[PDB]
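Residue numbers (PDB author numbering), protein chains in the order written: chain Y, 1 to 63; chain 2, 1 to 46; chain T, 1 to 93; chain X, 1 to 77; chain U, 1 to 102. Even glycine gets a Cβ: it sits at the ideal position worked out from N, Cα and C.
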Amino acid sequence: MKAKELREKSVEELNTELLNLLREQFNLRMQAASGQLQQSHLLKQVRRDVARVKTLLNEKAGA
Amino acid sequence: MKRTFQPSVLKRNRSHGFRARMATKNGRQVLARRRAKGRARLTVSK
Amino acid sequence: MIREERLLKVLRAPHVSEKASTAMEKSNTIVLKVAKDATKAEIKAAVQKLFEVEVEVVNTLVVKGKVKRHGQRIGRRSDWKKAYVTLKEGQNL
Amino acid sequence: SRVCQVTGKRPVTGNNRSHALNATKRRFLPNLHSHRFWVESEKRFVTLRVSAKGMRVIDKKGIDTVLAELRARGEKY
Amino acid sequence: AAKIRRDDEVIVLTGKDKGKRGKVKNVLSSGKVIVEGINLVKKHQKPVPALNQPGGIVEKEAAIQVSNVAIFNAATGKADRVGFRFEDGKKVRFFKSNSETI
RNA sequence: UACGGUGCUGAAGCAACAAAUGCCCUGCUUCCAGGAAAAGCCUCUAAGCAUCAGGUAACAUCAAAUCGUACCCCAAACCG
RNA sequence: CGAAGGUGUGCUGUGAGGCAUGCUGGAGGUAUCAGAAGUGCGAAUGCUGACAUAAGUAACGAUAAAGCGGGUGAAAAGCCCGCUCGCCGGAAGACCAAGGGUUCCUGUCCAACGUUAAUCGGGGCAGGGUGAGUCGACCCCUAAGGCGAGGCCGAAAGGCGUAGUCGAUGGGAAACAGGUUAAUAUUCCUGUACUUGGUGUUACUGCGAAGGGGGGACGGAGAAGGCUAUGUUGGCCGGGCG
RNA sequence: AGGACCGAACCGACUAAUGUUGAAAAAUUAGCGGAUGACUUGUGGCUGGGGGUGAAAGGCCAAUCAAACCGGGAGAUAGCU
RNA sequence: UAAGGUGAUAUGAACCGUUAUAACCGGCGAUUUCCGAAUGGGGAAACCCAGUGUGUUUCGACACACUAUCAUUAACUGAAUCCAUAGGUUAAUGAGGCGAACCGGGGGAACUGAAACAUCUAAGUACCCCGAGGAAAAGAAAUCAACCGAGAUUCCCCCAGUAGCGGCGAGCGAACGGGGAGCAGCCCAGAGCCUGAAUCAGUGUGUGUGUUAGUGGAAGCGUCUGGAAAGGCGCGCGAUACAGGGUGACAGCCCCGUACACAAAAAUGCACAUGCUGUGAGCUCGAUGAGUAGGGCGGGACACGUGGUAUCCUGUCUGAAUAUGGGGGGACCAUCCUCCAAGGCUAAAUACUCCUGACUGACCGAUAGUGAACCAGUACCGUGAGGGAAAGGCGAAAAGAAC
Numbered sequence: 001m002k003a004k005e006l007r008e009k010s011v012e013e014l015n016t017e018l019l020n021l022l023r024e025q026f027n028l029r030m031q032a033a034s035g036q037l038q039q040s041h042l043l044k045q046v047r048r049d050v051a052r053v054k055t056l057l058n059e060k061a062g063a
Numbered sequence: 001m002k003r004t005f006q007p008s009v010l011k012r013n014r015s016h017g018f019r020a021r022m023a024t025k026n027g028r029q030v031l032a033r034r035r036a037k038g039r040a041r042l043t044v045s046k
Numbered sequence: 001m002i003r004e005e006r007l008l009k010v011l012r013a014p015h016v017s018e019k020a021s022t023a024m025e026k027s028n029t030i031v032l033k034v035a036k037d038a039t040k041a042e043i044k045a046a047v048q049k050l051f052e053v054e055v056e057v058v059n060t061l062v063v064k065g066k067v068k069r070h071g072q073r074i075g076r077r078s079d080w081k082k083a084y085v086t087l088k089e090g091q092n093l
Numbered sequence: 001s002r003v004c005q006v007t008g009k010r011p012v013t014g015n016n017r018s019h020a021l022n023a024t025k026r027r028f029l030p031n032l033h034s035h036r037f038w039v040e041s042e043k044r045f046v047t048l049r050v051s052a053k054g055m056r057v058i059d060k061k062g063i064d065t066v067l068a069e070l071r072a073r074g075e076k077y
Numbered sequence: 001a002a003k004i005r006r007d008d009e010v011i012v013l014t015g016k017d018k019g020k021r022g023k024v025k026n027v028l029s030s031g032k033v034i035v036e037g038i039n040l041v042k043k044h045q046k047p048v049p050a051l052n053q054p055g056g057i058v059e060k061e062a063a064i065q066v067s068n069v070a071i072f073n074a075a076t077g078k079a080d081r082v083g084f085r086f087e088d089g090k091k092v093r094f095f096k097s098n099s100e101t102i
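Have a look at this one:
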């Protein structure tokens, strides 16, 4: 085992997905093409977080 | 003067295209032999 | 129905950021990079939601990738879509 | 297809031999004629392409037994 | 599974100066280890942006192979081999012919 | 005035004549060799329904997506 | 303390060859006796790669020719600018179609490319550029023809074909002037428009289809007549006084 | 009206010259023949190799034709080099 | 499993991690655009255009699910036509297409040899098509044998270039019988009794053994030359491990490993104490398969070319007996022997290798070995099917040459 997303297994995942996609990937992409230094690691982080939230949504649809 | 290759892509895709080869059984053997040879283009259309 | 916020990811890069793009901001419009499959109404609703602005029209052109590469290893740049989003009045950007 | 539909007779290849015994290929074809067969049980005429041997099988066995064999084969009338 | 750790006091067995001892700066995937003061190379560096902007000949560490280096025993001043000797998850390293945990 | 290219202002801006192989003209005439189809469009009913659906006019409002769009263009970008 | 290879020297055997060493070379080689061979090359108008020859010779691609000044540069006959010259001008002008696919524009560079030099280029390398309700495609329809459920026919593959469904080279709705970029225009802008649907409102009302009808809807030659694009000239206006 | 005439575009190819390691794997230059027809041309489609198509030449069927091109039988066979 | 990582060229930025939780490997999942059997329709592959329903609506529209064709079954309808049938519609279940070889079947050459060529041969080969499987086909005697007998099929070794067949030329070429490898037999035409009765399938957590992750794993120093020991010289130690590959030159003791011992969440393959379910044990007899055996005509296969020609198969025309019966024993007749035709199923020994793992080579070493050691079916050529290359080496370490 390397990481456990016990946070994701809780409820209300769809608004967290909208926060991770809407305005998060949007500002990181806009800022990145404008030219921002730290955003290189952050872009990969938010993309993998979107993947995690969507995997938990496919596993359970209650959230 | 006039040459053997006067190009027309409509005639090209109807004559030697993927759907033209996929309709006939023997053209499917042409596609299968090209897949067996390993070609990137099995059809001139792409 | 309004296209969902998931589909409001169509905006990719904020500017092509060139001289004609700046001249268009001087005139009225803003030049944007949008995905490939974004419809004009999708760019319209996307810009009105993500930015604060009211858009008059969207003009789309698909930009073709150059080869830009030497003969030993031939490559092709990816094609993309450029959106001129016209903001004649009610523009903060 | 030249198929007897009751006996399954079909064309068979062969050599048309000569006085010099030259083998040139020829085909032996079945004696198929379409005939209308009256089914007393069904009260309806059933039309089948049949060889003369197949008509002999029908007169020997009854059209119903041959019909059951045809439906068992899946062959259509 | 690594006899040589990320930070370990090691002594060379083959090539350059064998008697030299030092901490390993890093362990690389190629099988090559950079150790302090053991592989000095005079690098002629042209002016390059970010790192090494003035340029100039610099004394940097190249990497000997991991097989060449062996750990320096604390108890005795000789190179000693290292074995992994514990059945559960912690593969503890132990000094060979000395039987002390490293 | 970097002589590329920009910023301001601007007179007269009419008449006659000659005009196509272009338009009227899918017209007119003449001739045998007797010169596509279907949809759009208009109209009439059938089944069907009945202050309905539906039609027609006005008025308002919204939509008109997607692809191509550079360049060569009887040729240094096509075929040779 | 120098293995195979390469290159010399000496010695040696009838020979094929061998032995030793100098030089280079920088990891191998294999006494002796046996065994197995992809076991020996100078030729096959032999195959592949390298390099000569002719020879620094022919040629440098329509006999539409250029001269000079200035700029740039390490270098200018060929680049830029200027002034004269010549060439085409029912094109060697401009625009669509097909076809190609960034060759477009800007900066930079001159190794290969350009039959020469090249500062230049369609060359290299980066960065920009293609904006549509009215233009095409898409779409609605169909022609030749293609595919064709069922079907018929054929030893299997398959051939043909009804309903149908595709298929333009044809028939279907609609925008023009002026301005703009280094590169896009009937697309951006400015001005003045047009078309087809949806929804709602109001008024009135019998509406309604793989059905019927009309229309779409069509040849060749020829002869006017009217007119316009366009030209010439006059007037007008601005400048000239050679 | 004209398978009328003269003659551009257009289509063809009669003579000569140059070329023949060409500018060109049949062109260029001077002249030539048809040019309202049995014309020419664009865009699709159809006919497939002992087959097609042919105002007929063994012409044409991708610079290939008394039988195209591609792979297979195939290392055919070769009393010959 | 781990102290390092973010695939490579390919370095750098920005970060991630401490064996307790980063990467990496294994198993199991989720997602999985479009094209392609492509499957809602169409099409010039990777595109265009729909319908139906459910939601939501911002009324502009947005999502999701389904909608190909055929076979089978079931239902509900339903013509000419009167009962019905054809037909329609719906639901379910399957199939489709691809793949290197092996296997079975449908069709089937020619070059060639005969020193020509036509019978013959090549050869039922190449090729096309159809179909199935991990193997397939075959298979349980109307078989051989020779008065003795054996006992299904397949495969190997002889028999044996034998008997024969043959323009008796070229050539083709068995069988009997023996040695082995393997080796279980059945079932339905049919009732009663027994009734998971013995089996065979399906389905099974329990058991072992494998596979797909891994773990431990011995023992070397001093000196010399040298750039660097792995070489030398000396003295040791290990060895069920002196297989191999790296390490600055040749290392059993430097490092991966090696023999050897161990491990598997989870998913699977084999044998299963094996539970359950269903088909169906054995007993008496009546028969044991009719357009069939056979025949005539024309062909094909048998080693057998129609010959004295048995035997098998059928395109055409006929046609029995029926266990009092019928077939075979190489024209045919009698006797004797042997077997039951006109219905099926069946493992093993056998063939092959797209693919995977391990090991080996008197195999190759960059004009070789794959066409391809290499970003190769690529560049390139051709409208197309198709053809199809050249191209490895600095160094130990880039210490890749600051000035």
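- Measuring C-alpha to C-alpha distances from residue 41 (chain U) to each of 52 (chain U), 55 (chain U) and 61 (chain U) identifies 61 (chain U) as the nearest.
- Exclusion of the five residues before and after residue 66 (chain U) leaves 4, 31 and 33 as the residues of its chain whose Cβ lies within less than 6 Å of its Cβ.
- Under the Cβ distance rule, residue 54 (chain T) does not count among the residues neighbouring chain Y, no pair being separated by less than 7 Å.
- In its chain, beyond the 5 residues on either side, 14 and 27 have a beta carbon closer than 7 Å to the beta carbon of residue 20 (chain 2).
- Contacts between residue 8 (chain T) and chain Y, judged by CB atoms closer than 7 Å, involve 22 in chain order.
- Under DSSP, residue 37 (chain X) shares a beta bridge with 46 (chain X).
- Under a criterion of Cβ atoms nearer than 9 Å, the residues of chain T adjacent to residue 33 (chain Y) are, in order, 12, 13, 14, 15, 17 and 33.
- Between residue 9 (chain U) and residue 25 (chain U), the gap from beta carbon to beta carbon reaches 7 Å or more.
- Partner residues in the beta bridge of residue 11 (chain T), as assigned by DSSP, are 34 (chain T).
- C-alpha of residue 26 (chain X) to C-alpha of residue 2 (chain X): approximately 16 Å in a straight line.
- Apart from sequence neighbours up to five positions away, the residues of its chain that approach residue 23 (chain X) with a beta-carbon distance below 8 Å are 15, 16 and 17, ordered along the chain.
- Contact between the segment 43-53 of chain T and the segment 65-80 of chain T is absent, with fewer than three C-beta pairs closer than 8 Å.
- Taking a cut-off of 8 Å on C-beta distances, the segment 82-89 of chain T touches the segment 30-45 of chain T, as three or more cross pairs fall below it.
- Neighbours of residue 50 (chain T) in chain Y, taken as residues whose beta carbon is under 7 Å from its own, are 26 in chain order.
- Fewer than three pairs of CB atoms, one per stretch, sit closer than 8 Å, so the segment 82-95 of chain U makes no contact with the segment 58-76 of chain X.
- For residue 18 (chain 2), the enclosing alpha helix (DSSP H) begins and ends at 18-23.
- In the displayed model, residue 44 (chain U) falls within a strand according to three-state DSSP.
- Using a Cβ-Cβ cut-off of 7 Å, residue 89 (chain T) does not count as an interface residue toward chain Y, since no Cβ of chain Y sits closer than that to its own.
- By the CB criterion at 7 Å, residue 49 (chain X) and residue 32 (chain X) fall inside the cutoff.
- Runs of the alpha helix (DSSP H) lying entirely within the segment 7-95 of chain U, each at least 4 residues long, are absent.
- Under the Cβ criterion of 7 Å, residue 42 (chain T) is not counted among the residues facing chain Y.
- Contact check for residue 46 (chain U) against residue 55 (chain U) passes: the beta carbons are separated by less than 7 Å.
- Residues of the same chain with a CB within less than 8 Å of the CB of residue 52 (chain Y), apart from the 5 flanking positions on each side, are 5 and 8 in chain order.
- Shown here for residue 76 (chain T): same chain residues with a beta carbon closer than 7 Å to its own, the five before and five after excluded, namely 65 and 67 in chain order.
- Within chain Y, the residues whose beta carbon sits less than 8 Å from that of residue 5 (chain T) are 18, 21 and 22, listed in sequence order.
- A straight line joining the alpha-carbon of residue 2 (chain Y) with that of residue 58 (chain Y) spans about 22 Å.
- Of all residues in the segment 34-47 of chain Y, only 34 come within less than 8 Å of chain T when Cβ atoms are compared, listed by chain position.
- For residue 7 (chain U), the closest alpha carbon among the candidates 16 (chain U), 74 (chain U) and 22 (chain U) is that of 22 (chain U).
- Counting along the chain, residue 20 (chain T) sits inside the alpha helix (DSSP H) bounded by residues 19-27.
- Short of 8 Å from the beta carbon of residue 11 (chain X), and not among the five residues preceding or following it, lie these beta carbons of its own chain, in chain order: 2, 27, 28, 29 and 30.
- Under the three-state reduction of DSSP output, residue 90 (chain T) falls in the coil class, being neither helix nor strand.
- Assigned with DSSP and collapsed to three states, residue 66 (chain T) falls in coil, not helix or strand.
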